[PDB]
Amino acid sequence: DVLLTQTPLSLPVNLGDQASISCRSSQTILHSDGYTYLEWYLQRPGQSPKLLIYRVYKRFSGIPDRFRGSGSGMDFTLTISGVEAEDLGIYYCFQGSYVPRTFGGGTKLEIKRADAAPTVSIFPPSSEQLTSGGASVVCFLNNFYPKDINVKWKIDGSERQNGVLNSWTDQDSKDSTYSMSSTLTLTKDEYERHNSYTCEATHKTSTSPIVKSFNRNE
Amino acid sequence: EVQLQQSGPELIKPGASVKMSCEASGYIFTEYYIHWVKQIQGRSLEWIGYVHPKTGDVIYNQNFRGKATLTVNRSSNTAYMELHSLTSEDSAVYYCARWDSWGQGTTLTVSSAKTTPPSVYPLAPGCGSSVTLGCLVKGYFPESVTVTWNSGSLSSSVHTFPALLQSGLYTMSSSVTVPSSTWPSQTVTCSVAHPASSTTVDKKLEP
């Protein structure tokens, strides 16, 4: 089978600047009929992949001229100049010269912006929830940049790791920030044996963590 | 113009089979190939095969031999793919695609767990000046759910956090940030829709 390898895996780029994506194949994509069936696709979040380029360079109808494809043999390149906000997504290369047909692993385009500290909101377990015998403490870490962030839970001043689950959003299409939700799930009995619950957000925007807490007796 | 309409999402027991459809319209069905593609976790793409529509001949990816069976119904402009002996590894989004256009995809979940309706709990600030509200959607199966805030009037200031697994079931949340002026002077409501269980839950968040 012919393997397609894309570099880089994630391409952070400023808007208006030029982005270049590499696609290298283990074998030559030149088919015996003289053609090279290499294609480029874009998949925006929540949508199906859409065709950008086919036969190495030919732009699909309705594709702006800032997308340009080039290459031959085993080396191919997709160039975007300059990047617009609607170009956010994952770019794949694809060969149709062999059986089986294969895709690249994908290149995630990322829009660069100024650093932003997260907005941290902590939520005690809803009273509706305690009837089930469990308690989930929710912490939202919204609209921060860059995407690398760390959350730490504390119960009565001591770090808690059991029962913590985290979910990260993709890059926001409007302000280019990232958000994160952290949930500490305990039993109702354990939740009521403790007073203070703390959500600590460690981000590169400060050497000190952002601390949001509440006291169960309040 | 060209359009491929795929069948709805599927929840199938392990070891059973399933057949998904791909209805084409807006062109001559016998003129263009219909490929089938598998996407893992919304990223890794794998080409399964295509079918010669007129002659019914099929070209397969050898890795999917014995796993997928591609057919067409020339009369109804529909392509079919049948997946046999399903395992949890077959859980993915399956696309049918012309060289020109792709289908919206068919989500397949392979699990013995049955459809589970979600528990919904409000997230209101405890006892500046933007206020962040939320709704926790916990313990549902399978994907997916949709959390709509104020009938969609609030969309820009919403964060939809992707679902994670928790004790074999899915858990997701959704936040909305509004001016402290808006709430609780005016009503803020999250609407959780879980089509797999035919469930709609509306929560009016209270201070």
# chains A, B, ... in the order shown; residues from 1 in each chain; ligands from 1
$ residues_around --residues "residue 72 (chain B)" --least-positions-apart "3" --cutoff "8 Å" --atoms "only C-alpha atoms" --output "list in words"
residues 51, 53, 56, 77, 78, 79 and 80 of chain B
$ select_by_dssp --residues "region 118-207 of chain A" --states "helix (DSSP H, G or I)" --output "ChimeraX atom specification"
/A:127-130,188-192
$ atom_distance --atom1 "CA of residue 199 (chain B)" --atom2 "CA of residue 168 (chain B)"
19.9 Å
$ residues_around --residues "residue 57 (chain B)" --least-positions-apart "6" --cutoff "12 Å" --atoms "only C-alpha atoms" --output "ChimeraX atom specification"
/B:33-34,49-51,69-72
$ closest_atom_pairs --of "chain A" --to "chain B" --cutoff "6 Å" --atoms "only C-alpha atoms" --output "CSV"
residue,atom,partner,partner_atom,distance
A:48,CA,B:104,CA,5.9
A:100,CA,B:61,CA,5.0
A:101,CA,B:47,CA,6.0
A:105,CA,B:44,CA,5.9
A:169,CA,B:161,CA,5.6
$ atom_distance --atom1 "CA of residue 200 (chain B)" --atom2 "CA of residue 116 (chain B)"
13.1 Å
$ atom_distance --atom1 "CA of residue 38 (chain B)" --atom2 "CA of residue 49 (chain A)"
11.8 Å
$ select_by_dssp --residues "region 69-187 of chain B" --states "strand (DSSP E or B)" --output "ChimeraX atom specification"
/B:69-73,78-83,92-97,102,106-110,116,119-123,130-141,146-149,154,158-166,169-179
$ residues_around --residues "residue 83 (chain B)" --least-positions-apart "4" --cutoff "10 Å" --atoms "only C-alpha atoms" --output "ChimeraX atom specification"
/B:16-20,64,66-70,87,90
$ write_last_selection --atoms "N, CA, C and O atoms" --output "PDB file, in the first residue's frame"
ATOM      1  N   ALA B  16     -23.391  -8.452  14.683  1.00  0.00           N
ATOM      2  CA  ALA B  16     -24.478  -8.347  13.726  1.00  0.00           C
ATOM      3  C   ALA B  16     -23.988  -7.595  12.488  1.00  0.00           C
ATOM      4  O   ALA B  16     -22.805  -7.269  12.359  1.00  0.00           O
ATOM      5  N   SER B  17     -24.893  -7.323  11.552  1.00  0.00           N
ATOM      6  CA  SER B  17     -24.565  -6.595  10.335  1.00  0.00           C
ATOM      7  C   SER B  17     -25.472  -5.379  10.202  1.00  0.00           C
ATOM      8  O   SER B  17     -26.452  -5.218  10.936  1.00  0.00           O
ATOM      9  N   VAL B  18     -25.140  -4.516   9.242  1.00  0.00           N
ATOM     10  CA  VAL B  18     -25.908  -3.303   8.990  1.00  0.00           C
ATOM     11  C   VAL B  18     -25.680  -2.888   7.545  1.00  0.00           C
ATOM     12  O   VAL B  18     -24.610  -3.121   6.975  1.00  0.00           O
ATOM     13  N   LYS B  19     -26.702  -2.281   6.945  1.00  0.00           N
ATOM     14  CA  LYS B  19     -26.621  -1.773   5.582  1.00  0.00           C
ATOM     15  C   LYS B  19     -27.033  -0.309   5.579  1.00  0.00           C
ATOM     16  O   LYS B  19     -28.127   0.029   6.041  1.00  0.00           O
ATOM     17  N   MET B  20     -26.160   0.550   5.066  1.00  0.00           N
ATOM     18  CA  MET B  20     -26.436   1.971   4.945  1.00  0.00           C
ATOM     19  C   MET B  20     -26.548   2.351   3.475  1.00  0.00           C
ATOM     20  O   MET B  20     -25.916   1.740   2.607  1.00  0.00           O
ATOM     21  N   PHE B  64     -10.543  -4.330   3.795  1.00  0.00           N
ATOM     22  CA  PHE B  64     -11.974  -4.397   4.064  1.00  0.00           C
ATOM     23  C   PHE B  64     -12.645  -5.582   3.383  1.00  0.00           C
ATOM     24  O   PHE B  64     -13.877  -5.677   3.399  1.00  0.00           O
ATOM     25  N   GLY B  66     -14.279  -9.025   2.994  1.00  0.00           N
ATOM     26  CA  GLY B  66     -15.027  -9.760   3.987  1.00  0.00           C
ATOM     27  C   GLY B  66     -15.686  -8.906   5.046  1.00  0.00           C
ATOM     28  O   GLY B  66     -16.511  -9.422   5.810  1.00  0.00           O
ATOM     29  N   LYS B  67     -15.353  -7.619   5.123  1.00  0.00           N
ATOM     30  CA  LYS B  67     -15.969  -6.699   6.070  1.00  0.00           C
ATOM     31  C   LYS B  67     -17.044  -5.831   5.433  1.00  0.00           C
ATOM     32  O   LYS B  67     -18.064  -5.552   6.070  1.00  0.00           O
ATOM     33  N   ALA B  68     -16.852  -5.413   4.184  1.00  0.00           N
ATOM     34  CA  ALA B  68     -17.778  -4.528   3.494  1.00  0.00           C
ATOM     35  C   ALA B  68     -18.226  -5.156   2.183  1.00  0.00           C
ATOM     36  O   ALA B  68     -17.443  -5.830   1.508  1.00  0.00           O
ATOM     37  N   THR B  69     -19.490  -4.926   1.829  1.00  0.00           N
ATOM     38  CA  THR B  69     -20.060  -5.388   0.568  1.00  0.00           C
ATOM     39  C   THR B  69     -20.786  -4.222  -0.086  1.00  0.00           C
ATOM     40  O   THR B  69     -21.770  -3.716   0.465  1.00  0.00           O
ATOM     41  N   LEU B  70     -20.309  -3.806  -1.255  1.00  0.00           N
ATOM     42  CA  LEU B  70     -20.843  -2.647  -1.958  1.00  0.00           C
ATOM     43  C   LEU B  70     -21.785  -3.099  -3.064  1.00  0.00           C
ATOM     44  O   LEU B  70     -21.438  -3.974  -3.866  1.00  0.00           O
ATOM     45  N   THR B  87     -17.603  -5.182  14.941  1.00  0.00           N
ATOM     46  CA  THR B  87     -16.892  -5.060  16.202  1.00  0.00           C
ATOM     47  C   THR B  87     -16.798  -3.583  16.562  1.00  0.00           C
ATOM     48  O   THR B  87     -17.116  -2.705  15.755  1.00  0.00           O
ATOM     49  N   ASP B  90     -15.301  -1.077  14.243  1.00  0.00           N
ATOM     50  CA  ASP B  90     -16.066  -0.563  13.114  1.00  0.00           C
ATOM     51  C   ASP B  90     -16.854   0.695  13.454  1.00  0.00           C
ATOM     52  O   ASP B  90     -17.466   1.284  12.556  1.00  0.00           O
TER      53      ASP B  90
END
$ residues_around --residues "residue 54 (chain B)" --least-positions-apart "5" --cutoff "9 Å" --atoms "only C-alpha atoms" --output "mmCIF file with N, CA and C atoms, in the first residue's frame"
data_model
loop_
_atom_site.group_PDB
_atom_site.id
_atom_site.type_symbol
_atom_site.label_atom_id
_atom_site.label_comp_id
_atom_site.auth_asym_id
_atom_site.auth_seq_id
_atom_site.Cartn_x
_atom_site.Cartn_y
_atom_site.Cartn_z
ATOM 1 N N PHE B 29 -26.954 8.965 -12.601
ATOM 2 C CA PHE B 29 -26.367 8.073 -11.605
ATOM 3 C C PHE B 29 -25.396 7.079 -12.233
ATOM 4 N N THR B 30 -25.680 6.630 -13.455
ATOM 5 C CA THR B 30 -24.860 5.603 -14.089
ATOM 6 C C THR B 30 -23.520 6.124 -14.594
ATOM 7 N N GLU B 31 -23.258 7.427 -14.497
ATOM 8 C CA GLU B 31 -22.065 7.997 -15.110
ATOM 9 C C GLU B 31 -20.883 8.136 -14.159
ATOM 10 N N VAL B 72 -25.331 -1.540 -5.692
ATOM 11 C CA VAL B 72 -26.080 -0.395 -6.194
ATOM 12 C C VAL B 72 -27.467 -0.854 -6.612
ATOM 13 N N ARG B 74 -29.564 0.552 -9.484
ATOM 14 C CA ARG B 74 -29.626 1.472 -10.618
ATOM 15 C C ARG B 74 -30.985 2.154 -10.734
#
$ residues_around --residues "residue 96 (chain A)" --least-positions-apart "5" --cutoff "12 Å" --atoms "only C-alpha atoms" --output "NGL selection string"
(:A and (1-4 or 28-31 or 35-40 or 54-56 or 101-103)) or (:B and (35 or 47 or 49-50 or 99))
$ closest_residue --among "A:5, A:119, A:20, A:95" --to "residue 129 (chain B)" --atoms "only C-alpha atoms"
A:119
$ residues_around --residues "residue 90 (chain A)" --least-positions-apart "4" --cutoff "6 Å" --atoms "only C-alpha atoms" --output "PDB file with N, CA, C and O atoms, in the first residue's frame"
ATOM      1  N   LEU A  42     -10.365  19.684   2.280  1.00  0.00           N
ATOM      2  CA  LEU A  42     -10.501  20.451   3.512  1.00  0.00           C
ATOM      3  C   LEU A  42     -11.746  19.975   4.243  1.00  0.00           C
ATOM      4  O   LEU A  42     -12.810  19.830   3.632  1.00  0.00           O
ATOM      5  N   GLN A  43     -11.616  19.729   5.542  1.00  0.00           N
ATOM      6  CA  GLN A  43     -12.747  19.340   6.376  1.00  0.00           C
ATOM      7  C   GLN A  43     -12.867  20.339   7.520  1.00  0.00           C
ATOM      8  O   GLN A  43     -12.051  20.331   8.445  1.00  0.00           O
ATOM      9  N   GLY A 106      -3.658  14.095   7.737  1.00  0.00           N
ATOM     10  CA  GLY A 106      -4.330  15.350   7.998  1.00  0.00           C
ATOM     11  C   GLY A 106      -3.408  16.378   8.630  1.00  0.00           C
ATOM     12  O   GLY A 106      -2.518  16.057   9.426  1.00  0.00           O
ATOM     13  N   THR A 107      -3.616  17.640   8.259  1.00  0.00           N
ATOM     14  CA  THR A 107      -2.885  18.767   8.826  1.00  0.00           C
ATOM     15  C   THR A 107      -3.896  19.770   9.359  1.00  0.00           C
ATOM     16  O   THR A 107      -4.717  20.289   8.595  1.00  0.00           O
ATOM     17  N   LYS A 108      -3.834  20.043  10.658  1.00  0.00           N
ATOM     18  CA  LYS A 108      -4.774  20.952  11.308  1.00  0.00           C
ATOM     19  C   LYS A 108      -4.226  22.373  11.237  1.00  0.00           C
ATOM     20  O   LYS A 108      -3.195  22.682  11.844  1.00  0.00           O
TER      21      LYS A 108
END
$ decode --residues "region 108-160 of chain B" --atoms "C-alpha atoms" --output "JSON list (two decimals), in the first residue's frame"
[["chain", "number", "residue", "atom", "x", "y", "z"],
["B", 108, "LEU", "CA", -22.14, 3.90, 13.22],
["B", 109, "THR", "CA", -21.86, 2.87, 16.88],
["B", 110, "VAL", "CA", -21.13, -0.80, 17.56],
["B", 111, "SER", "CA", -22.02, -1.61, 21.17],
["B", 112, "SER", "CA", -24.18, -3.96, 23.20],
["B", 113, "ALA", "CA", -25.18, -1.02, 25.41],
["B", 114, "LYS", "CA", -28.72, 0.14, 24.69],
["B", 115, "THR", "CA", -30.05, 3.63, 24.03],
["B", 116, "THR", "CA", -29.90, 5.56, 27.30],
["B", 117, "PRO", "CA", -31.69, 8.89, 27.82],
["B", 118, "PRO", "CA", -29.64, 11.66, 29.45],
["B", 119, "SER", "CA", -29.77, 13.28, 32.86],
["B", 120, "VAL", "CA", -29.72, 17.08, 32.66],
["B", 121, "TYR", "CA", -28.61, 19.32, 35.52],
["B", 122, "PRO", "CA", -28.34, 23.13, 35.58],
["B", 123, "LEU", "CA", -25.08, 24.99, 36.15],
["B", 124, "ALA", "CA", -25.81, 28.30, 37.91],
["B", 125, "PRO", "CA", -23.39, 30.45, 39.94],
["B", 126, "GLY", "CA", -23.31, 29.50, 43.60],
["B", 127, "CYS", "CA", -23.98, 31.61, 46.67],
["B", 128, "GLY", "CA", -17.84, 40.30, 36.91],
["B", 129, "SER", "CA", -19.77, 41.32, 35.23],
["B", 130, "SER", "CA", -20.43, 38.63, 32.69],
["B", 131, "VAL", "CA", -22.24, 35.57, 34.04],
["B", 132, "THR", "CA", -21.52, 32.10, 32.66],
["B", 133, "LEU", "CA", -24.35, 29.56, 32.82],
["B", 134, "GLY", "CA", -24.36, 25.91, 31.84],
["B", 135, "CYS", "CA", -26.15, 22.60, 31.55],
["B", 136, "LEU", "CA", -24.58, 19.21, 32.27],
["B", 137, "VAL", "CA", -25.79, 16.34, 30.05],
["B", 138, "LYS", "CA", -24.76, 13.14, 31.81],
["B", 139, "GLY", "CA", -25.24, 9.42, 31.25],
["B", 140, "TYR", "CA", -26.64, 9.11, 27.73],
["B", 141, "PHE", "CA", -26.07, 6.69, 24.86],
["B", 142, "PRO", "CA", -25.28, 6.88, 22.11],
["B", 143, "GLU", "CA", -24.03, 10.09, 20.47],
["B", 144, "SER", "CA", -25.16, 12.66, 19.93],
["B", 145, "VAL", "CA", -27.00, 15.44, 21.76],
["B", 146, "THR", "CA", -27.60, 19.08, 20.85],
["B", 147, "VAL", "CA", -27.80, 21.84, 23.47],
["B", 148, "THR", "CA", -29.67, 24.91, 22.19],
["B", 149, "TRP", "CA", -29.76, 28.12, 24.24],
["B", 150, "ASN", "CA", -32.86, 30.34, 24.05],
["B", 151, "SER", "CA", -34.17, 28.72, 20.85],
["B", 152, "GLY", "CA", -30.87, 29.60, 19.17],
["B", 153, "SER", "CA", -31.00, 33.33, 19.93],
["B", 154, "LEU", "CA", -27.78, 32.82, 21.92],
["B", 155, "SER", "CA", -25.19, 31.18, 19.66],
["B", 156, "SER", "CA", -22.04, 33.33, 19.58],
["B", 157, "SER", "CA", -21.36, 33.11, 23.34],
["B", 158, "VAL", "CA", -21.84, 29.33, 23.62],
["B", 159, "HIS", "CA", -19.20, 26.63, 24.19],
["B", 160, "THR", "CA", -20.20, 23.06, 23.31]]
